[PDB]
C-alpha cells in the first residue's frame, strides 16, 4: 500500500506467478480517472515520495532566478549531496545558461560521507565550518 522498496519488491515477486504483464498508472496532478479507480486490481499511495535533498538547492536556484526576474551579489552556499543519477549533468548546464546579468553563483560544499559508522553531529560541524568560511562577511540567510 505504501510505495517503498520492500513493499514494491514483494509485489514484483508475486506478480511473476500470475504470468500477466503489469501496468502501473500515474495520473495527472489532480489524480487518476474514475474508470481507472474501477479498473485497478490494486493501488499504492505515492505520499512517501519526497523531494530528494539534492534537488532542494536546485529548486532554490530556480526560485531565486524567478524572483530576480520580477523587475548585489547573491551567493547560494549549499552542501553538495550527490545528485540523482537522472538529474546530474543537467543542472550544471542549466546553471551555465543563467542570465549573465543575474549576480548569482552556486558554491557547493563537499558532503561528509554519512553512514552507519558516522556520527552526523561531527559531519555537520565540518560542513558548516566551511560554509561560514565561504559566506565570509556577507549577510547570512539560513535555509532549513
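Positions refer to the first chain, counted from 1.
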query: Higher-B stretch (mean Cα B-factor, as the entry records it), 82-90 or 102-110; finding: 82-90
query: Stretch with the greater mean C-alpha B-factor as recorded in the entry, comparing 50-58 against 33-41; finding: 33-41
query: Cα B factor band for residue 126 (lowest, middle or highest third within the chain); finding: lowest
query: Ranked against its chain, the third holding the CA B-factor of residue 64; finding: middle
query: Chain third (lowest, middle, highest) by recorded CA B-factor, residue given as residue 22; finding: lowest
